[PDB]
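J.: One structure is given below, represented as structure tokens, and several questions about it will come after.
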Amino acid sequence: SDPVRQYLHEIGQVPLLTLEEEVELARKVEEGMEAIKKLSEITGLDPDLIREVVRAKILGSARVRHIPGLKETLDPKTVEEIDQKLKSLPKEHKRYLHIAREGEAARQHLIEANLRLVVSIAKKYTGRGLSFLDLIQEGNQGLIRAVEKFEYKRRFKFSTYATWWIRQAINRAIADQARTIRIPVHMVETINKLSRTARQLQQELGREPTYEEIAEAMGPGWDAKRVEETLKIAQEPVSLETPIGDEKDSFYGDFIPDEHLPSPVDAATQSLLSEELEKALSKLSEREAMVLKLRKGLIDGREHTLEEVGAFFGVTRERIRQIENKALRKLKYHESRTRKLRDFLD
Amino acid sequence: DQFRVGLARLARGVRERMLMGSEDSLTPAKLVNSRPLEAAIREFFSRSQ
Amino acid sequence: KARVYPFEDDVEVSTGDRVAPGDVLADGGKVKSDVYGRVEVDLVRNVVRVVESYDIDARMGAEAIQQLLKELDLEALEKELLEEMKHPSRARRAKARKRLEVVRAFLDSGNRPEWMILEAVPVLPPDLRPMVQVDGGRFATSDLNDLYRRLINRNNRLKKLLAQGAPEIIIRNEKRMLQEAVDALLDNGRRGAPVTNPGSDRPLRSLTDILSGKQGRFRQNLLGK
Amino acid sequence: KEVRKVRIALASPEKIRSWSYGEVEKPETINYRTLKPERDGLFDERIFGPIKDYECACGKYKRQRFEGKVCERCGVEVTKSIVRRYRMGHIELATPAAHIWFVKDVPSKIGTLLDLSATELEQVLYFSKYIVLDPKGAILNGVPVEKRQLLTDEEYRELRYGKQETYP
Amino acid sequence: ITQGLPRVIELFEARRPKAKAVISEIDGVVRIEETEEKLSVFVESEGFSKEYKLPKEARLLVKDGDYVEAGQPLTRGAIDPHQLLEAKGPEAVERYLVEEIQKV
Amino acid sequence: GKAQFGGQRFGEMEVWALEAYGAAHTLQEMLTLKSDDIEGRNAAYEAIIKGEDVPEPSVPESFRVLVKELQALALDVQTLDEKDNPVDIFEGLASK
Amino acid sequence: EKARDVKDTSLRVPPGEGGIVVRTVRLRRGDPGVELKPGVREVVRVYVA
Amino acid sequence: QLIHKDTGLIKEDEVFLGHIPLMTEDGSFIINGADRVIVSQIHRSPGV
DNA sequence: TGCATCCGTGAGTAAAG
DNA sequence: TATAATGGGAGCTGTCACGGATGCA
Ligand SMILES: [Mg+2]
Ligand SMILES: [Zn+2]
């Protein structure tokens with residue numbers, strides 16, 4: 001029913017390691033990575049493709065997919081080919097294959113054994129914009145990174161090194177996903193520094209700070225205008241389905257008018273403008289009207305240069321400019337006489 | 001009642017900061033985020049039925 | 001519960017492989033497989049261990065359900081249900097009628113049952129879920145965008161957890177979360193808790209809610225405006 | 001032509017992809033500084049269309065002479081902006097997901113087709129029990145595994161990965 | 001004293017009323033059987049016999065040894081329209097619904 | 001609303017009133033030319049300021065929104081003709 | 001005539017309203033005691049009797 | 001006051017929690033410049 | 001073949017808000 | 001990037017009637 005209860009149960013299935021089992025699993029992981037290095041040395045294959053093949057066989061045919069970094073599409077055919085090229089090795093060479101397989105199995109069991117630590121850390125990051133489960137999964141990603149980077153030779157328990165990458169992944173996800181308008185990680189850091197600074201200023205000032213006080217407390221390079229611009233850029237959107245009034249009757253978005261689509265008055269005024277422009281252009285000859293329509297973009301949407309209109313009509317650019325000028329002059333005279341286009345100039 | 005709810009949220013934040021942090025230097029000012037209480041009261045007075 | 005088979009020469013199967021009775025384990029084919037199980041090559045002990053287990057295909061989720069639905073031969077089922085319609089017990093006739101109704105709906109329509117399972121999820125045009133600047137420079141936006149963002153974050157993290165070979169508990173959790181993300185996108189509130197925005201008890205407004213009710217599309221904007 | 005009927009039917013993944021003009025790959029809406037849509041996000045003009053009539057995102061093509069042209073620099077068609085109300089996109093899922101309408105609208109159409117009760121369809125769909133598609137000659141608790149059988153997690157692990165235990 | 005808008009709704013939805021009257025599934029003649037503790041009514045055809053057991057204080061619209069039509073009311077109260085439909089047919093139910101609605 | 005220079009709501013029951021009168025054309029005006037037939041409302045305003053009779057309306061935009069919101073639920077909704085051949089109410093603007 | 005850079009967005013009297021102006025309040029960013037929400041340069045209020 | 005149980009250290013301070021709206025003389029409030037009134041609510045009394 | 005029991009769903013219009 | 005850290009909190013409640021699916025005896 002409750003998905004977090006279900007995941008907590010599945011987590012409570014795998015038992016917690018003893019120091020010996022932890023050291024053993026970590027050791028097998030390290031030696032398996034070394035063995036994949038050695039198998040790349042021998043076979044001259046790609047270390048990542050080798051790792052993917054060993055992983056594919058350890059997990060089963062249940063999961064097989066194309067990996068982004070690999071140059072070849074990872075399907076059971078090619079994994080069988082590579083597994084056969086591996087199985088045709090001498091004993092002291094083929095030994096590294098068993099090493100790598102056991103290392104991958106240890107990797108899986110180490111992650112599964114330490115899945116509870118992720119939960120016990122992530123429970124303290126709720127309410128920052130991410131679901132509990134979302135935090136748990138991002139922490140599990142951190143746990144996978146920790147497993148792949150751990151060094152058992154340092155004699156540190158695994159929890160210590162894993163907590164670092166777990167916090168890292170949780171905080172990266174909070175910084176990368178919480179906002180509907182995405183903000184770069186460094187800008188989120190600056191925004192939260194501003195928040196904490198203003199909260200300290202209010203906790204010492206007995207009131208909310210002004211922009212200038214926050215600029216003071218922020219140091220050099222910070223003035224009131226920059227605090228204001230940072231607060232402006234940090235503003236989060238609001239829901240169009242926000243309730244208005246105390247019934248379930250109206251949404252906030254219902255009062256927002258559409259500025260994009262033209263109003264019927266706008267469309268009609270554009271139509272009357274085009275028709276009056278054709279009216280005034282019919283008082284010119286066909287050539288001066290066509291030159292004006294070409295030079296202003298009413299024919300094909302774009303404005304032509306004098307050289308293009310002159311090449312189209314077969315005249316010099318000075319002549320096409322002169323007939324454009326006389327067309328404009330006739331239009332100015334007709335407009336002064338009839339005043340049929342003034343009101344459209346707003 | 002709304003004050004009590006804001007206080008409960010403030011206390012959750014307080015314990016959150018108590019678990020971590022340099023426990024040599026932790027003042028009351030370093031543990032109290034007044035924002036949840038402020039928000040609860042502001043909500044009651046602006047958008048309550 | 002395993003079966004031991006020591007070896008003296010080059011072994012032919014590696015750790016993790018699935019073994020059936022009659023499979024060659026090691027020593028050029030001399031030592032072979034007795035029971036069904038999974039191969040644990042022990043180089044310390046120089047024995048090829050086999051822990052008894054079947055290669056059983058048992059899945060979870062909409063992937064399993066989609067497989068089964070693809071596997072339905074509709075005419076065959078129609079025949080079985082017609083035979084069931086001749087049964088004395090009224091309950092069995094009733095159930096076979098209720099099932100045969102769905103079967104014949106799919107048959108006469110030309111819709112594949114598996115289509116009730118989504119592989120590609122459609123995305124509404126952006127103007128129908130706007131992101132608009134209200135008078136004064138702030139932004140207002142539809143809830144569908146946050147539902148789609150939940151969906152896309154969880155789907156992307158699933159693709160990465162797969163590409164990075166994650167354990168089964170984790171992939172299972174991700175897949176559960178993905179199904180629930182889709183469910184909230186389409187009919188938020190229907191199963192389980194309704195998805196809310198942070199710092200608010202208000203349920204987000206999904207596609208079903210846009211379609212139905214007093215304020216739904218039909219009654220609010222199509223049968224009257 | 002004149003509209004006379006309106007049909008409604010299920011849509012295949014191929015049909016849904018036929019509607020889509022692009023896959024939405026990033027959970028991002030618009031850029032916090034430019035206030036322009038992000039690439040491969042929910043508002044991308046490459047997918048859904050131009051924001052301004054007959055004008056691509058960068059600005060290379062800005063009149064009606066270009067119609068249907070897809071800009072090479074930014075990839076936005078030059079048509080009317082009204083199309084941002086009509087052009088679908090799609091999300092390609094890693095794992096298929098059930099359309100809740102066909103699950104929770106009792107009696108469930110899926111669960112009726114497969115003779116699966118509401119509880120069983122819930123348990124399989126939200127990852128609480130396995131279901132067998134091939135037993136590969138498995139045997140559980142003295143009876144062989146029949147297809148479409150509901151195994152708990154303990155049972156599936158005992159069958160697929162064998163029995164064992166460790167004692168201190 | 002009426003039932004009003006709830007009665008109209010109970011009719012338009014064809015809901016089996018709470019204070020439902022009992023009707024005869026067949027024709028026949030009536031034979032009452034009333035112990036001081038229990039009460040029943042029997043409708044007897046020329047080869048058939050139906051038994052309608054009902055609580056003690058129910059008001060009867062029937063006199064002993066009378067000839068009742070199939071679907072005729074025996075108890076007082078509102079007739080179940082679906083029982084009327086099975087016993088007496090569509091025209092009977094149409095008459096009943098129209099008249100009962102018009103009463104309000 | 002008056003503050004938004006808004007229009008009156010002609011709701012479900014007002015529609016029933018127009019139906020019971022058999023004012024098919026008055027009703028169709030309410031549903032298209034006066035509310036959300038974009039081309040229709042523009043063309044009506046232009047015809048009236050020119051002195052012409054108002055044009056025959058076309059599809060209300062909210063029905064197009066309904067079609068697209070059903071597509072968003074993986075339901076294919078298809079306007080057909082009497083020959084059961086699809087009709088495009090989107091005028092090609094959303095078919096590749 | 002060149003098209004001016006700006007456009008008329010003035011606050012006019014809505015339909016069916018009006019009267020006699022009796023108060024104007026003006027607040028500007030950079031003025032003593034005054035701080036508006038981020039972004040706004042100035043706020044003007046007119047009271048009509 | 002903060003107290004570490006083992007250390008015995010006791011640090012004390014008066015912290016600022018924000019503002020509480022005051023009620024005017026006539027029993028009303030002033031929230032964001034507009035007078036508001038909190039309406040008493042009737043409910044089932046606790047008990048058995 | 002019959003009942004109790006549970007889950008889902010709907011519960012007036014316009015106005016202002 | 002390294003002390004060790006390993007299973008969560010919030011429910012929140014004066015209808016109501018029906019219809020249809022599930023559950024028992
Ligand atoms: Mg400064
Ligand atoms: Zn471009």
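Note on naming: chains are A, B, ... as they come in the structure tokens, residues start from 1 per chain, ligands start from 1 in the order shown.
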Using DSSP secondary structure from the backbone, list all helix (DSSP H, G or I) positions within segment 8-46 of chain B, as a list in words.

T.: residues 8, 9, 10, 11, 12, 13, 14, 15, 16, 17, 18, 19, 35, 36, 37, 38, 39, 40, 41, 42, 43, 44, 45 and 46 of chain B

J.: Could you please take those selected residues and save N, CA and C atoms as a PDB file, in the first residue's frame?

T.:
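Output below, filename out-v3.pdb:
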ATOM      1  N   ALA B   8       5.945  23.251  16.207  1.00  0.00           N
ATOM      2  CA  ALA B   8       6.352  21.872  15.944  1.00  0.00           C
ATOM      3  C   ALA B   8       7.315  21.800  14.766  1.00  0.00           C
ATOM      4  N   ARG B   9       7.028  22.543  13.694  1.00  0.00           N
ATOM      5  CA  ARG B   9       7.953  22.550  12.561  1.00  0.00           C
ATOM      6  C   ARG B   9       9.311  23.131  12.952  1.00  0.00           C
ATOM      7  N   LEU B  10       9.300  24.229  13.718  1.00  0.00           N
ATOM      8  CA  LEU B  10      10.551  24.805  14.205  1.00  0.00           C
ATOM      9  C   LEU B  10      11.354  23.788  15.015  1.00  0.00           C
ATOM     10  N   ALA B  11      10.672  22.968  15.821  1.00  0.00           N
ATOM     11  CA  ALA B  11      11.366  21.971  16.634  1.00  0.00           C
ATOM     12  C   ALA B  11      11.959  20.861  15.771  1.00  0.00           C
ATOM     13  N   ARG B  12      11.238  20.455  14.723  1.00  0.00           N
ATOM     14  CA  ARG B  12      11.796  19.488  13.779  1.00  0.00           C
ATOM     15  C   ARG B  12      13.102  20.011  13.185  1.00  0.00           C
ATOM     16  N   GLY B  13      13.094  21.268  12.729  1.00  0.00           N
ATOM     17  CA  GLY B  13      14.327  21.873  12.240  1.00  0.00           C
ATOM     18  C   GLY B  13      15.415  21.947  13.302  1.00  0.00           C
ATOM     19  N   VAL B  14      15.023  22.195  14.554  1.00  0.00           N
ATOM     20  CA  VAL B  14      16.001  22.307  15.637  1.00  0.00           C
ATOM     21  C   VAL B  14      16.727  20.985  15.841  1.00  0.00           C
ATOM     22  N   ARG B  15      15.974  19.884  15.947  1.00  0.00           N
ATOM     23  CA  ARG B  15      16.613  18.577  16.106  1.00  0.00           C
ATOM     24  C   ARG B  15      17.468  18.228  14.891  1.00  0.00           C
ATOM     25  N   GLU B  16      16.978  18.571  13.691  1.00  0.00           N
ATOM     26  CA  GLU B  16      17.753  18.379  12.470  1.00  0.00           C
ATOM     27  C   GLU B  16      19.132  19.019  12.584  1.00  0.00           C
ATOM     28  N   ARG B  17      19.182  20.281  13.018  1.00  0.00           N
ATOM     29  CA  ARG B  17      20.470  20.953  13.177  1.00  0.00           C
ATOM     30  C   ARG B  17      21.250  20.460  14.392  1.00  0.00           C
ATOM     31  N   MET B  18      20.568  19.898  15.394  1.00  0.00           N
ATOM     32  CA  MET B  18      21.263  19.410  16.579  1.00  0.00           C
ATOM     33  C   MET B  18      22.066  18.154  16.277  1.00  0.00           C
ATOM     34  N   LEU B  19      21.548  17.280  15.409  1.00  0.00           N
ATOM     35  CA  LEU B  19      22.258  16.029  15.142  1.00  0.00           C
ATOM     36  C   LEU B  19      23.630  16.288  14.516  1.00  0.00           C
ATOM     37  N   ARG B  35      11.569  30.601  10.448  1.00  0.00           N
ATOM     38  CA  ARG B  35      10.704  30.673   9.271  1.00  0.00           C
ATOM     39  C   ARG B  35       9.461  29.787   9.341  1.00  0.00           C
ATOM     40  N   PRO B  36       9.520  28.518   9.775  1.00  0.00           N
ATOM     41  CA  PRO B  36       8.279  27.723   9.830  1.00  0.00           C
ATOM     42  C   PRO B  36       7.198  28.322  10.719  1.00  0.00           C
ATOM     43  N   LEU B  37       7.570  28.868  11.878  1.00  0.00           N
ATOM     44  CA  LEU B  37       6.591  29.520  12.746  1.00  0.00           C
ATOM     45  C   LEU B  37       5.994  30.761  12.083  1.00  0.00           C
ATOM     46  N   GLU B  38       6.856  31.619  11.532  1.00  0.00           N
ATOM     47  CA  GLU B  38       6.397  32.793  10.800  1.00  0.00           C
ATOM     48  C   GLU B  38       5.401  32.410   9.717  1.00  0.00           C
ATOM     49  N   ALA B  39       5.723  31.361   8.954  1.00  0.00           N
ATOM     50  CA  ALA B  39       4.864  30.931   7.860  1.00  0.00           C
ATOM     51  C   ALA B  39       3.523  30.429   8.369  1.00  0.00           C
ATOM     52  N   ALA B  40       3.520  29.643   9.449  1.00  0.00           N
ATOM     53  CA  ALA B  40       2.249  29.150   9.975  1.00  0.00           C
ATOM     54  C   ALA B  40       1.345  30.300  10.409  1.00  0.00           C
ATOM     55  N   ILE B  41       1.907  31.284  11.113  1.00  0.00           N
ATOM     56  CA  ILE B  41       1.081  32.406  11.552  1.00  0.00           C
ATOM     57  C   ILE B  41       0.600  33.221  10.356  1.00  0.00           C
ATOM     58  N   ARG B  42       1.498  33.492   9.403  1.00  0.00           N
ATOM     59  CA  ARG B  42       1.132  34.278   8.230  1.00  0.00           C
ATOM     60  C   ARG B  42       0.034  33.584   7.434  1.00  0.00           C
ATOM     61  N   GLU B  43       0.102  32.254   7.350  1.00  0.00           N
ATOM     62  CA  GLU B  43      -0.942  31.484   6.687  1.00  0.00           C
ATOM     63  C   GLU B  43      -2.265  31.626   7.418  1.00  0.00           C
ATOM     64  N   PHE B  44      -2.255  31.430   8.739  1.00  0.00           N
ATOM     65  CA  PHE B  44      -3.497  31.557   9.490  1.00  0.00           C
ATOM     66  C   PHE B  44      -4.144  32.909   9.254  1.00  0.00           C
ATOM     67  N   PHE B  45      -3.352  33.973   9.277  1.00  0.00           N
ATOM     68  CA  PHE B  45      -3.974  35.286   9.212  1.00  0.00           C
ATOM     69  C   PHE B  45      -4.290  35.741   7.794  1.00  0.00           C
ATOM     70  N   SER B  46      -3.684  35.138   6.769  1.00  0.00           N
ATOM     71  CA  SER B  46      -3.944  35.574   5.400  1.00  0.00           C
ATOM     72  C   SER B  46      -4.882  34.661   4.621  1.00  0.00           C
TER      73      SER B  46
END

J.: Select, as an NGL selection string, those residues of chain D with any atom no more than 7 Å from chain A (distances computed using only C-alpha atoms).

T.: :D and (28-32 or 63-65)

J.: Using only C-alpha atoms (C1' of nucleotides), which protein or nucleic acid residues come within 6 Å of segment 62-69 of chain C? Drop anything in the same chain fewer than 3 positions from it, and give the result as number ranges by chain.

T.: C: 59, 72, 113-114; D: 96-98, 125

J.: Write a file of the selected residues as a compact mmCIF listing (two decimals), in the first residue's frame, keeping C-alpha atoms.

T.:
# COMPACT_ATOMS: atom_id res chain seq x y z
CA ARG C 59 8.59 -10.68 -13.57
CA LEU C 72 -3.48 -13.39 -25.48
CA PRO C 113 -5.15 -5.40 -25.39
CA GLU C 114 -1.47 -4.61 -24.69
CA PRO D 96 6.30 0.07 -19.63
CA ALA D 97 3.63 1.44 -17.28
CA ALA D 98 -0.05 0.56 -16.99
CA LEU D 125 1.82 -3.81 -10.97

J.: Around ligand 1, at most 9 Å away and counting only C-alpha atoms (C1' of nucleotides) and all ligand atoms, which residues are there? Put them as a VMD selection string, please.

T.: chain A and resid 212 to 224

J.: Could you write those residues out with N, CA, C and O atoms, as an mmCIF file, in the first residue's frame?

T.:
data_model
loop_
_atom_site.group_PDB
_atom_site.id
_atom_site.type_symbol
_atom_site.label_atom_id
_atom_site.label_comp_id
_atom_site.auth_asym_id
_atom_site.auth_seq_id
_atom_site.Cartn_x
_atom_site.Cartn_y
_atom_site.Cartn_z
ATOM 1 N N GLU A 212 20.096 46.958 1.429
ATOM 2 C CA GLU A 212 21.414 47.529 1.699
ATOM 3 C C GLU A 212 22.107 46.819 2.856
ATOM 4 O O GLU A 212 23.320 46.589 2.810
ATOM 5 N N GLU A 213 21.360 46.473 3.906
ATOM 6 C CA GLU A 213 21.956 45.740 5.018
ATOM 7 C C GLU A 213 22.446 44.370 4.565
ATOM 8 O O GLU A 213 23.523 43.911 4.980
ATOM 9 N N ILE A 214 21.674 43.708 3.699
ATOM 10 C CA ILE A 214 22.099 42.414 3.178
ATOM 11 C C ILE A 214 23.339 42.575 2.314
ATOM 12 O O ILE A 214 24.251 41.746 2.362
ATOM 13 N N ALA A 215 23.406 43.655 1.526
ATOM 14 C CA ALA A 215 24.601 43.917 0.729
ATOM 15 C C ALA A 215 25.821 44.147 1.614
ATOM 16 O O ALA A 215 26.923 43.675 1.303
ATOM 17 N N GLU A 216 25.647 44.889 2.711
ATOM 18 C CA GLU A 216 26.719 45.032 3.693
ATOM 19 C C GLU A 216 27.201 43.664 4.156
ATOM 20 O O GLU A 216 28.381 43.324 4.024
ATOM 21 N N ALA A 217 26.279 42.851 4.670
ATOM 22 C CA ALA A 217 26.657 41.559 5.229
ATOM 23 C C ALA A 217 27.168 40.577 4.176
ATOM 24 O O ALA A 217 27.764 39.558 4.538
ATOM 25 N N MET A 218 26.950 40.849 2.890
ATOM 26 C CA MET A 218 27.412 39.939 1.849
ATOM 27 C C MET A 218 28.859 40.185 1.448
ATOM 28 O O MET A 218 29.466 39.316 0.811
ATOM 29 N N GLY A 219 29.415 41.344 1.789
ATOM 30 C CA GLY A 219 30.794 41.644 1.492
ATOM 31 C C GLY A 219 30.959 42.565 0.300
ATOM 32 O O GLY A 219 30.058 43.333 -0.060
ATOM 33 N N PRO A 220 32.129 42.510 -0.328
ATOM 34 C CA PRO A 220 32.385 43.340 -1.506
ATOM 35 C C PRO A 220 31.874 42.679 -2.778
ATOM 36 O O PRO A 220 31.691 41.461 -2.858
ATOM 37 N N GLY A 221 31.652 43.514 -3.791
ATOM 38 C CA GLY A 221 30.982 43.076 -4.995
ATOM 39 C C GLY A 221 29.478 42.985 -4.877
ATOM 40 O O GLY A 221 28.800 42.815 -5.899
ATOM 41 N N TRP A 222 28.934 43.110 -3.667
ATOM 42 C CA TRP A 222 27.502 43.058 -3.411
ATOM 43 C C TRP A 222 26.997 44.446 -3.038
ATOM 44 O O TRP A 222 27.443 45.029 -2.042
ATOM 45 N N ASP A 223 26.072 44.967 -3.836
ATOM 46 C CA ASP A 223 25.338 46.182 -3.527
ATOM 47 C C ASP A 223 23.848 45.858 -3.468
ATOM 48 O O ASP A 223 23.418 44.742 -3.769
ATOM 49 N N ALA A 224 23.056 46.852 -3.061
ATOM 50 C CA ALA A 224 21.625 46.629 -2.895
ATOM 51 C C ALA A 224 20.979 46.169 -4.198
ATOM 52 O O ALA A 224 20.101 45.295 -4.193
#

J.: Select the residues contacting ligand 2 at a distance of at most 9 Å, based on only C-alpha atoms (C1' of nucleotides) and all ligand atoms, then format the selection as a list in words.

T.: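 Using only C-alpha atoms (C1' of nucleotides) and all ligand atoms, I find these residues within 9 Å of ligand 2: residues 55, 56, 57, 58, 59, 60, 61, 62, 70, 71, 72, 73, 74, 75, 76, 77 and 78 of chain D.
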
J.: Report the distance between atom CA of residue 49 of chain G and atom CA of residue 35 of chain H in Å, rounded to one decimal place.

T.: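 For atom CA of residue 49 of chain G relative to atom CA of residue 35 of chain H, the distance reads 20.4 Å.
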
J.: Could you please tell me, as a list in words, which residues of chain C have an atom within 6 Å of chain A when using only C-alpha atoms?

T.: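 Per the criterion, chain C yields residues 10, 14, 15, 16, 139, 140, 141, 142, 163, 167 and 198 of chain C.
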
J.: Can you spit out the residues from that selection as a PDB file, in the first residue's frame, using C-alpha atoms?

T.:
ATOM      1  CA  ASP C  10      40.855 -25.774 -16.900  1.00  0.00           C
ATOM      2  CA  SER C  14      32.503 -19.076 -14.916  1.00  0.00           C
ATOM      3  CA  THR C  15      30.729 -17.737 -11.830  1.00  0.00           C
ATOM      4  CA  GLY C  16      27.058 -16.854 -12.190  1.00  0.00           C
ATOM      5  CA  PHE C 139       5.211  33.514 -13.486  1.00  0.00           C
ATOM      6  CA  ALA C 140       2.129  31.342 -13.244  1.00  0.00           C
ATOM      7  CA  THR C 141       2.063  27.788 -14.506  1.00  0.00           C
ATOM      8  CA  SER C 142      -0.136  24.719 -14.815  1.00  0.00           C
ATOM      9  CA  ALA C 163      22.986   1.764 -17.623  1.00  0.00           C
ATOM     10  CA  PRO C 167      20.883  -4.019  -7.746  1.00  0.00           C
ATOM     11  CA  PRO C 198       5.766  21.416  -1.641  1.00  0.00           C
TER      12      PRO C 198
END

J.: Would you work out the distance separating atom CA of residue 197 of chain C from atom CA of residue 156 of chain C, expressed in Å to one decimal?

T.: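 Going from atom CA of residue 197 of chain C over to atom CA of residue 156 of chain C covers 20.7 Å.
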
J.: Do a neighbour search on residue 21 of chain H at 8 Å with only C-alpha atoms (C1' of nucleotides), toss out local chain neighbours closer than 3 positions, and write the hits as a ChimeraX atom specification.

T.: /H:29-31

J.: Do you have the atom CA of residue 81 of chain D-atom CA of residue 216 of chain C distance handy?

T.: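 Value for the atom CA of residue 81 of chain D-atom CA of residue 216 of chain C distance: 26.4 Å.
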
J.: Which residues of chain J have any atom within 6 Å of an atom in chain A when counting only C-alpha atoms (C1' of nucleotides), and what is the closest pair of atoms for each, with the distance in Å to one decimal? Order the rows by chain and rising number and write it as CSV.

T.:
residue,atom,partner,partner_atom,distance
J:2,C1',A:161,CA,5.2
J:4,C1',A:160,CA,5.8
J:6,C1',A:117,CA,4.1
J:7,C1',A:8,CA,5.2

J.: Taking 5 positions as the minimum chain separation for residues in the same chain, which residues sit within 12 Å of segment 21-31 of chain B when counting only C-alpha atoms (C1' of nucleotides)? Answer as a list in words.

T.: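 Everything that qualifies: residues 196, 199, 200, 201, 202, 203 and 204 of chain A; 10, 11, 12, 13, 14, 15 and 16 of chain B; 1, 2, 3, 4, 7, 9, 10, 11, 12, 13, 14, 15, 16 and 17 of chain H.
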
J.: Produce a file of the selected residues containing N, CA and C atoms, as a compact mmCIF listing (two decimals), in the first residue's frame.

T.:
# COMPACT_ATOMS: atom_id res chain seq x y z
N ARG A 196 20.47 32.59 4.09
CA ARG A 196 21.02 32.41 5.43
C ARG A 196 21.53 33.73 5.99
N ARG A 199 18.66 35.84 7.07
CA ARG A 199 18.07 35.28 8.28
C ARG A 199 18.91 35.62 9.51
N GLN A 200 20.24 35.59 9.38
CA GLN A 200 21.09 36.04 10.48
C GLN A 200 20.86 37.52 10.78
N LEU A 201 20.75 38.33 9.72
CA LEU A 201 20.52 39.75 9.91
C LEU A 201 19.19 40.02 10.59
N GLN A 202 18.16 39.24 10.27
CA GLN A 202 16.88 39.43 10.93
C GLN A 202 16.93 38.94 12.37
N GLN A 203 17.68 37.85 12.63
CA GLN A 203 17.80 37.32 13.98
C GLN A 203 18.60 38.25 14.88
N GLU A 204 19.41 39.13 14.32
CA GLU A 204 20.12 40.12 15.13
C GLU A 204 19.48 41.50 15.11
N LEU B 10 9.30 24.23 13.72
CA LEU B 10 10.55 24.80 14.20
C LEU B 10 11.35 23.79 15.02
N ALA B 11 10.67 22.97 15.82
CA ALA B 11 11.37 21.97 16.63
C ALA B 11 11.96 20.86 15.77
N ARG B 12 11.24 20.45 14.72
CA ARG B 12 11.80 19.49 13.78
C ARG B 12 13.10 20.01 13.18
N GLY B 13 13.09 21.27 12.73
CA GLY B 13 14.33 21.87 12.24
C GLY B 13 15.41 21.95 13.30
N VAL B 14 15.02 22.20 14.55
CA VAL B 14 16.00 22.31 15.64
C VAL B 14 16.73 20.98 15.84
N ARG B 15 15.97 19.88 15.95
CA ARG B 15 16.61 18.58 16.11
C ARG B 15 17.47 18.23 14.89
N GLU B 16 16.98 18.57 13.69
CA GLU B 16 17.75 18.38 12.47
C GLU B 16 19.13 19.02 12.58
N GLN H 1 17.86 28.21 26.30
CA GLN H 1 19.18 27.79 26.75
C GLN H 1 19.52 26.41 26.20
N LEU H 2 20.73 26.28 25.67
CA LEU H 2 21.27 25.00 25.23
C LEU H 2 22.10 24.38 26.35
N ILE H 3 21.97 23.07 26.53
CA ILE H 3 22.71 22.33 27.53
C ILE H 3 23.22 21.04 26.90
N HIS H 4 24.53 20.81 26.96
CA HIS H 4 25.10 19.51 26.63
C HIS H 4 25.09 18.67 27.91
N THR H 7 28.78 17.53 28.89
CA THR H 7 29.69 18.65 29.12
C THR H 7 29.22 19.53 30.27
N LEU H 9 27.94 22.30 29.84
CA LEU H 9 27.96 23.66 29.32
C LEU H 9 26.54 24.16 29.07
N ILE H 10 26.28 25.42 29.43
CA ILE H 10 24.95 26.02 29.33
C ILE H 10 25.09 27.38 28.66
N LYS H 11 24.70 27.45 27.39
CA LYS H 11 24.68 28.70 26.63
C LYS H 11 23.25 29.22 26.52
N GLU H 12 23.06 30.50 26.83
CA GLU H 12 21.74 31.11 26.96
C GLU H 12 21.63 32.33 26.05
N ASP H 13 20.46 32.50 25.44
CA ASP H 13 20.29 33.62 24.51
C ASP H 13 18.80 33.90 24.31
N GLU H 14 18.49 35.15 23.95
CA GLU H 14 17.15 35.56 23.57
C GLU H 14 17.10 35.64 22.05
N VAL H 15 16.34 34.73 21.41
CA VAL H 15 16.30 34.66 19.96
C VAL H 15 15.01 35.29 19.45
N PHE H 16 15.07 35.81 18.23
CA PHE H 16 13.97 36.53 17.62
C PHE H 16 13.21 35.59 16.68
N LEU H 17 11.91 35.47 16.90
CA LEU H 17 11.07 34.51 16.19
C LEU H 17 10.18 35.15 15.13

J.: Would you please extract all strand (DSSP E or B) residues from segment 2-91 of chain F, as assigned by DSSP on the backbone, and give them as a ChimeraX atom specification?

T.: /F:75-80,86

J.: What are the closest atom pairs, with distances in Å to one decimal, for all residues of chain G lying within 8 Å of chain A? Consider only C-alpha atoms, order rows by chain and residue number, and present the result as JSON lines.

T.:
{"residue": "G:35", "atom": "CA", "partner": "A:210", "partner_atom": "CA", "distance": 7.4}
{"residue": "G:38", "atom": "CA", "partner": "A:228", "partner_atom": "CA", "distance": 5.5}
{"residue": "G:39", "atom": "CA", "partner": "A:232", "partner_atom": "CA", "distance": 6.5}
